[PDB]
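Before any questions on binding or motion, here is one chain by itself as structure tokens, the form deposited in one PDB entry.
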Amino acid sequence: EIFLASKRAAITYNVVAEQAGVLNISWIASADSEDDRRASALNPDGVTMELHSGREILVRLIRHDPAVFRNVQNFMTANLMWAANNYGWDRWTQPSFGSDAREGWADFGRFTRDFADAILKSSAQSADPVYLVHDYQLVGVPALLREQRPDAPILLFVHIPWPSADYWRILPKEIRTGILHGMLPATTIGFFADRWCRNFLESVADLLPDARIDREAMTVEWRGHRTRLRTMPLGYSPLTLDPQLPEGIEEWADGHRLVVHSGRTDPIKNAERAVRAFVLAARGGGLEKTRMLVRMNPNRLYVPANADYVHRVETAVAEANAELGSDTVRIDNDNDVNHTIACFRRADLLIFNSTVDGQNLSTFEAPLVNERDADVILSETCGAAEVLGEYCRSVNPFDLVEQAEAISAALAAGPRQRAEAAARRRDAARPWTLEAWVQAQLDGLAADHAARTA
């Protein structure tokens, strides 16, 4: 009786996919490629997939209008909404919204309707449907489901940050209020971090004059709807972690301590500042036997900011080597999860210094697989820092001096200090499994639902 939906499914012929497997339910997601459109058309029952975890799932892909989907993905969600929720605008010079934003918003409504139709069509014969709506791209869905199913439990879980009210307000009026209107009819809105729940509540208080927020209870009362905000942290999926280095890396790292920065090709991952911080720390000859690997996993390169970030990182690494000597810093840029885990295991120092991050799962996974008791530098603005920051070197991701000094201190630490820190850090990470988080969703929603309906 549980229905699960999220936009992104990268199929070839994922946390939401693992959750589908845990609950043994179908997963409604978007067809993006032509192959998905064909597979979906040819397979009305859904497409079956085995995940690495060994879980096997059924995925129902929605065939959107291709132009609507193109605009929504490339412009609205991955670019505009991304910069709105992940703090990428300077205000002085960007953004400047024109007609494109309005057409994007209309297209967004159409995409939203596609998901609501799929979810309602699929649940139509269900007497007591439970709706789990995942991701920021589906923020419009709860209002549509609520209109048809006034009594259904609806969780909206957002995997990315929620920005401060002043920053949320950057968006065009129809969009900044329209998104909030779409979300509040949910029974429960979930984020990974208290800071995001707080920012959400402030955004609502600021923009919606009829809303009453309660900061202590973390609730909104708005036009009938009572909505509860919950923080439900996620760390890792053990079954997905249950590898070998990329080519050249083991021999290149052989006689050295290895610093690893790892993340998507997304500006929030902050590899440019990580490299510049390493350079400050290595500035001759502050460090001698150390190399740095920048592991990048290509993702949404249809966004200009993402392409431009890659170039900025490449430029920084070349400048690093020009300074520190040839082959001090390398980039390895592929989407092999096996390579990522291998890099995690080999690291002497792990850097997850994001400008901001909804959670950051790498900061749980990496210490859990690392067999060198690697120290971890973690940005204070990652959702993960609310659970793990006391066990890592928590840093301001904009301060190169602070980061360089953390790098230097981490590499100076002996194996006995590193052993003890790493043990505490693993102990803190270990409870935050995918299975526990799924349970947290259902438990939170069940509790809130009784009050929501009342």
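Superpose the two forms; the largest set of C-alphas matching within 1.5 Å is the rigid core. Note that residue numbering follows the sequence shown and begins at 1.
Coordinates for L207 are present in every one of the other compared entries of this protein that model residues on both sides of it, well short of the third needed to count it as often missing.
In all of the other compared structures of this protein with flanking residues present, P415 is modelled, so it falls below the one-third mark for missing coordinates. Gap between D242 and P243: 1 to 3 deposited residues without coordinates. Remark: stretch with higher mean C-alpha B factor among 22-30 and 46-54 is 46-54. Look at the C-alpha B-factors of 355-363 and of 255-263. On average they run higher in 255-263.
Ranking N270, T219, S122, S164 by Cα temperature factor from the entry places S122 first. Each of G284, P298, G383, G104 has a CA temperature factor in the record; the biggest one is found at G284. Among all modelled residues in this chain, the alpha-carbon of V376 has a temperature factor (C-alpha) in the middle third.
Per-chain ranking of the deposited C-alpha B factor places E402 in the lowest third.
The PDB entry assigns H311 a C-alpha temperature factor belonging to the middle third of its chain's modelled residues.
The deposited CA B-factor of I154 belongs to the middle third of values across its chain. Placement of the Cα temperature factor of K7 within the chain: lowest third of the modelled residues, per the deposited record.
Not pictured, yet referred to below: the form deposited in another entry.
The only C-alpha among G224, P209, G284, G98 that moves by 2 Å or more between this form and the one not shown, given a superposition on the rigid core, is that of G284. Comparing the forms between this form and the one not shown, the C-alpha position of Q439 differs by less than 2 angstroms, with the core used for superposition. For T77, the Cα coordinates differ by 2 angstroms or more between this form and the one not shown after the core has been superposed.
The two forms, fitted on the rigid core, differ between this form and the one not shown by less than 2 Å at the CA of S394. One change in the other entry concerns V22 and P150, whose Cα atoms lie at least 3 Å closer than in this form.
Put simply, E365 and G21 spread apart in the other entry: their C-alpha atoms are 3 Å or more farther than in the form shown.
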